[PDB]
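So this one's two forms of a single chain, laid out as structure tokens and tagged structure 1 and structure 2.
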Structure 1
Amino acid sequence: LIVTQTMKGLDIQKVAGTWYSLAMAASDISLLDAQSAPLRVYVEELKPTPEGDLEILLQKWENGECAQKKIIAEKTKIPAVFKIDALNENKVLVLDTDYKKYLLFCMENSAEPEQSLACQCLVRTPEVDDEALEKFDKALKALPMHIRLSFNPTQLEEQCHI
């Protein structure tokens, strides 16, 4: 009744650097349909703060404009799962990553989430890496997704992806 798959041995210090949202999938169309939807977030980079926590700088369409956005993902007992401030706990779990080339993550609710959830295939360079997109699918095969987006190299370079 949640997201089952996670990353064991997650060194959140080897995940740091630049990242590109190549694909995103949500359990509901409304979460990802328009540019203004809430979990239509593009990911600039991950900064692992000294003391574990992860800092995301990201891009969203908020009104009219691609706004940069800094967010703080707070480590939990489980290396792969982090927590975002706050209203009702938004948890991020890292499904999979090879650190160097791709990263699979999902965000859901601690309510819990029957059954709302956004996921993303972060990559390092602006390229269609199909061997991570294949991994994105097979980890979404295990889940209730009703929208998948994916982007090109040219949209991977603009802010909010054109």
Structure 2
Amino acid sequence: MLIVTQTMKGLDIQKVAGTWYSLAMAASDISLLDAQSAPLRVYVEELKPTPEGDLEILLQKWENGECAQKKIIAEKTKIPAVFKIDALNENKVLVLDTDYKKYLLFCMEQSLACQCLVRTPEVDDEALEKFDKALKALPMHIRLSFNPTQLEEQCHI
């Protein structure tokens, strides 16, 4: 009834600063990655760590039948690869793996939704392959993979 996955030790949050694109997503419940109504079908556009180690997130979200940019803050906690968001719901963010150059893997809160981010709007097989491997104990009932044209669009088409 249990399941485990590698995570980040030695995460220098300051190094994740910049522009990013959500290249893949997966969740354990199909509804979470719902195009209209699911608050985890979000497209990360920029990450902004603060001097003390909080994290400003710029993301897009379908809302009022349109793609919309939210500015969101995520507070640090005692674990540097885990953060928190008290918006409509209470949301924990967990970074699993990153080389800071190419890919960043993270998950969000019994139903998890995970993303593979990249710094350029191209597919990268390494990133995906590490996404697939990092997830493969988690049973993911939905998986989404975007193409390079979608990476540069309003909520990925």
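The term rigid core refers to the most C-alpha atoms you can superpose between the two forms while keeping them within 1.5 Å. Residue positions are counted from 1 along structure 1's sequence.
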Please check if residue 74 moves between the two structures, taking a CA shift of 2 Å or more relative to the superposed core as movement. no
Quick check: residue 35 between the two structures - does its CA shift reach 2 Å or more after fitting the rigid core? yes
Keeping the rigid core fixed, work out how far the Cα of residue 144 travels between the two structures, to one decimal in Å. 2.1
Residue 120: Cα shift between the two structures after core superposition, Å, came to 0.1
Can you give the CA shift of residue 86 between the two structures, in Å, with the two forms fit on their core? 4.8
